[PDB]
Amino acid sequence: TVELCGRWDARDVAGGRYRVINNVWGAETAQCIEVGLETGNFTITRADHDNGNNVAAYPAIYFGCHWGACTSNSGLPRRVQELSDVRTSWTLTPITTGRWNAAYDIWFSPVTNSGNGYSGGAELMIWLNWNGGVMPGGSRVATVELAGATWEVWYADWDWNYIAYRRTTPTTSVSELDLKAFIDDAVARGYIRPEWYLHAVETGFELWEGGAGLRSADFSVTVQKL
């Protein structure tokens, strides 16, 4: 394993299929993650965050293209209308202190270049676990049954459309979760357009305060085109 403490530190893992990023994008407080290079599994070993109501960091593992940095042979970006199946697995280890969530962050945009971000596109989050009273951005607009569970749907109209599906009860693992079910729901609500591109599928922990001890493991993403 290797411990990464740099603000924008990263490592390609699993033969280049995925990439792990320390990603302390919202603060200057220290954070380190210890990463297994073959699997991408990681534990947050240090997290000095105490950021109030703003997210301090999002250590994560991803498949696809994150702000122009793409993993090896992901097949992304690809238009939503050209996707037939999108599945993912993940196992998280929660802690009982701090303010954080365990959530997928999935990015879409109308164009193929993601170097300047996803303005005019959408951010689709799937919250599986959390602690400390944190809540998604925007407002709760519905509660829906999807992919075997029930989820609150939160929406915010920002620079990009923010959509967060928050499980009604927390969980610590998913196996071959049908991400297309969530994409289809967001398309039906008008939050994502079929002509937009899916750029990246990421999962990790948004941290507001603390976070040391959280562990990410068993990550996998597969995408099948029509």
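When you see a residue number, it is the position in the sequence shown, counting from 1.
For the pair 104-112 and 75-83, the record assigns the higher mean C-alpha temperature factor to 75-83. When the C-alpha B-factors of 90-98 and 143-151 are averaged, 143-151 comes out higher.
For the set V55, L37, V174, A164, the PDB entry puts the maximum C-alpha B factor at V55. Remark: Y197 belongs to the middle third of its chain, ranked by C-alpha B-factor as recorded.
Ranked within its chain, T29 lands in the highest third, by CA B factor from the PDB record. Per the deposited record, the Cα B-factor of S220 falls in the lowest third when ranked against the other modelled residues of its chain.
Compared with the other modelled residues of the chain, the Cα B-factor recorded for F42 ranks in the lowest third. In the deposited entry, the Cα temperature factor of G68 sits in the top third of values across the chain's modelled residues.
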